[PDB]
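This is the structure I have questions about; it appears just below.
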Amino acid sequence: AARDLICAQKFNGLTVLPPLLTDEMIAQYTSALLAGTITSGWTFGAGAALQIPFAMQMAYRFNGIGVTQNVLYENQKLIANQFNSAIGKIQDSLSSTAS
Amino acid sequence: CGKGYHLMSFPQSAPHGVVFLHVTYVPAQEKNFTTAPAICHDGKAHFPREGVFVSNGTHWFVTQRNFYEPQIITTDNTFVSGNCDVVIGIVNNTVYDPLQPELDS
Ligand SMILES: *[C@@H]1O[C@H](CO)[C@@H](O)[C@H](O)[C@H]1NC(C)=O
Ligand SMILES: *[C@@H]1O[C@H](CO)[C@@H](O)[C@H](O)[C@H]1NC(C)=O
């Protein structure tokens, strides 16, 4: 009794094809990328994946940006607290603001 | 440019375009090791300068990141910072000093 525009545009030949990649396997790709970038560092993007503990990988990233790795290991809990608070803040930012 | 760490590139002419040859570096054969973030000796902490601490199970070696060559832990390739009570997972081993056998003789 209340016709929407989808049926009206469907009855004039304007169809919409479905995408080949649905959201399940896109989510599988993102899960694989997250698992690689946590448990392998940046080695999996060049050759094969190698296991590295996460604190040593963060020490490598700090040595990359210009801070020697003794600053990390004496301040690891502060880094973890700030990271958890940042993830919670960005979750609240996506929950509140819709723009 | 290519899959892996990059070394060079060679262009080649083509009809209506260009063809590249990205020579690249790929590691091949792997080996498991047991690591530790630092080495405790005399109450102070030793860290790798440019490398990583590995162990085969009996001895501890310092090794560069993308190729396996073992080296003895010395004061020349390590720098000291802090104590042993703030790092997590530190193991106990000696630290060699090259000045001691020179002063002994
Ligand atoms: C290292 O140990 C794991 C655990 O069993 C094993 O699956 C793997 O084949 C070993 N070797 C390499 C190169 O990862
Ligand atoms: C290293 O030696 C100290 C005493 O020299 C000891 O208290 C400590 O537990 C040792 N480390 C480990 C991992 O056992």
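Here Swiss-Prot sets the residue numbers for chain B, with the shown residues being 1043-1147 in order.
This deposition comes from electron microscopy, 3.9 Å.
Backbone N, Cα and C atoms are what each Cβ position is placed from, and that goes for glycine too.
Pasting the relevant annotations from Swiss-Prot:
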CARBOHYD  B:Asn1074  N-linked glycosylation site
DISULFID  B:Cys1082-B:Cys1126  disulfide bond
CARBOHYD  B:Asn1098  N-linked glycosylation site
CARBOHYD  B:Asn1134  N-linked glycosylation site
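Thinking about packing and proximity, how do these listed features fit into the structure?
Long-range Cβ neighbours of B:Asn1074 (N-linked glycosylation site) (same chain, at least 6 residues apart, Cβ-Cβ under 8 Å): none.
B:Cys1082 (disulfide bond) falls within a strand when secondary structure is assigned with DSSP.
B:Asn1098 (N-linked glycosylation site) has a Cβ environment of 12 other Cβ atoms inside 10 Å.
Of all Cβ atoms in the protein chains displayed, 10 besides its own lie within 10 Å of the Cβ of B:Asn1134 (N-linked glycosylation site).
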May I ask for the distance between B:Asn1098 (N-linked glycosylation site) and B:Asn1134 (N-linked glycosylation site), taken between their Cα atoms and rounded to an integer number of Å?
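Distance between the two Cα atoms comes out at 15 Å.
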Taking just the CA atoms, what is the gap between B:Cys1082 (disulfide bond) and B:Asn1134 (N-linked glycosylation site) in Å?
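Checking the Cα atoms of B:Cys1082 (disulfide bond) and B:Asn1134 (N-linked glycosylation site) gives a distance of 5 Å.
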Out of B:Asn1074, B:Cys1082, B:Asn1098, B:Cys1126, B:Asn1134, which recorded positions have CB atoms lying under 6 Å from ligand 1?
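By the Cβ criterion, which requires under 6 Å to ligand 1, the hits are B:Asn1074.
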